[PDB]
Structure formats: C-alpha cells, structure tokens
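A single chain, nothing else alongside it, follows as structure tokens in the form deposited without inosine 5'-triphosphate (ITT).
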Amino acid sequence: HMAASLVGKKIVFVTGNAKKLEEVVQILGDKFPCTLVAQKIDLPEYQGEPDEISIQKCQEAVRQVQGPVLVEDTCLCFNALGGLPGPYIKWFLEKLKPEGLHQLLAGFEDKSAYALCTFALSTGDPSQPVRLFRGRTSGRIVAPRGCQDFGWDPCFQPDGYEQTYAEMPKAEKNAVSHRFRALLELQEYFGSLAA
C-alpha cells in the first residue's frame, strides 16, 4: 500500500544539491506520481551490510522528517574482497586515490567488482517498513583511466566496455549505470498509470 498512498504526495529526497535532485527527477520521468523535494537532512553514516545501512539511514531520516522520505547510497564492491570496500568506499578513495584502489588488489588475481546503488523509501509512518530499490553494474577494477575528478569512476570498467566510467560518454554510462538501474526499480514500483 506504500506506493498508492504516496501518489500526489511530497517525498523528501535527502540531498544538498539541486542538480542531484534534477537528475533523479529526469530519470524517474514525468509519469512518476510523487513530488520530490530536496532537503539536506543530517544523517549519520553507519557500518553494516549495504541493505542494513540503507534501512538504518532511512529510519533516521524518518525520525527527522516524519513524512515520506527517500535516501540514496552507493557502494563499490570488489569480489576478491568479498564485496569490500563496499559501503566504506568513500574512505578508501580519499586515502588511496583511484591508483591505490587498484593497487589494493595487487595480491588477488580476480579484479572483478560491481558498483551498487541503493535507494531507500519510507512513508514516514514507522509502522511501515523501509523499501529498498537497488541497481548493480558488474565490471573490473583497473589502473585508472580518464579524468580523475569523477570519484572512483576512473578505476571501474563496466563489463562489455574497454573504457572506464570516467572515460565513457555520459549517455553510455547512463545505459549501464547502477544508479539508473536502481531508479528503474523505484519507477517500476509506482508504475506509470497514476500520472
């Protein structure tokens, strides 16, 4: 009943920048039957499995907003490391840089990895559980190529491509993007019949 109950309602998307809100609204498309409104809500970063961290974060956002809320998290997961750095990728990137992220795997033959995006939605009734929407993209960790301003994108090469996320033209990255995939699941949850 969450979806139907949210048709025509404001959902707070937790972000601090309007362009990020714009991207999400465009990806969700004009039949998305809710109004997303950006708000910077201070949320702790939690340790845990990706799903637990997203739920935890969303529950904290519900405590603050006390109404419909949407949060986003993105992991980079190395298969040789059992999915790590995963939700700790921010810290590893900052310390190691794209070059060092690839160096972390020097001792492992398996360079495969996946990018993971999880969105977590609640109606803001704590009596109703958080729903998760995920997207994944399989690839491999490579010595960085492309412009380095783009987070860990220089060291991630999606399967089916000889270019890293940083190298790829935006339209090509979109076509395989873990974030687009996650947003497709959120879109599909509401369906396209209500707007």
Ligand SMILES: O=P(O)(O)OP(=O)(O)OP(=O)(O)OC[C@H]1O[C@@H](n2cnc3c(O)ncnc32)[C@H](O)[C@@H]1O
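Take the two forms, superpose them, and find the largest set of C-alpha atoms that agree within 1.5 Å; that set is the rigid core. Numbers for residues come from their place in the sequence shown, where the first is 1.
Beyond the structure shown, there is the form solved in complex with inosine 5'-triphosphate (ITT), which is absent from this document and is the topic of what follows.
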Task: Contact check for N79, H102 and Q157 against inosine 5'-triphosphate (ITT) in the bound PDB entry, heavy atom at 4.5 Å - done: no
Task: Heavy atom of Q187 within 4.5 Å of inosine 5'-triphosphate (ITT) in the bound PDB entry - done: no
Open item on the list: I'd like to check something about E45: if you look in the bound PDB entry, is any of its heavy atoms closer than or equal to 4.5 Å to a heavy atom of inosine 5'-triphosphate (ITT)?
Closed with: yes
Task: Proximity of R181 to inosine 5'-triphosphate (ITT) in the bound PDB entry, heavy atoms at 4.5 Å - done: no
TODO: Could you confirm whether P50 comes within 4.5 Å of inosine 5'-triphosphate (ITT) in the bound PDB entry, counting heavy atoms only?
DONE: no
TODO: Name the single residue among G67, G146, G151, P33 that comes within 4.5 Å of inosine 5'-triphosphate (ITT) in the bound PDB entry, judging by heavy atoms.
DONE: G151
Open item on the list: Given a superposition on the rigid core, I'd like a yes or no on whether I11 shifts its C-alpha by 2 Å or more between the shown form and the other one.
Closed with: no
TODO: Would you say whether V24 is displaced between the shown form and the other one, judging by a C-alpha shift of 2 Å or more on the superposed rigid core?
DONE: yes
Task: Did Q148 shift 2 Å or more between the shown form and the other one, C-alpha, core superposed - done: yes
Open item on the list: Thinking of the 3 angstroms or more shift, are the C-alphas of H178 and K19 brought closer or pushed farther apart in the bound PDB entry than in this view?
Closed with: closer
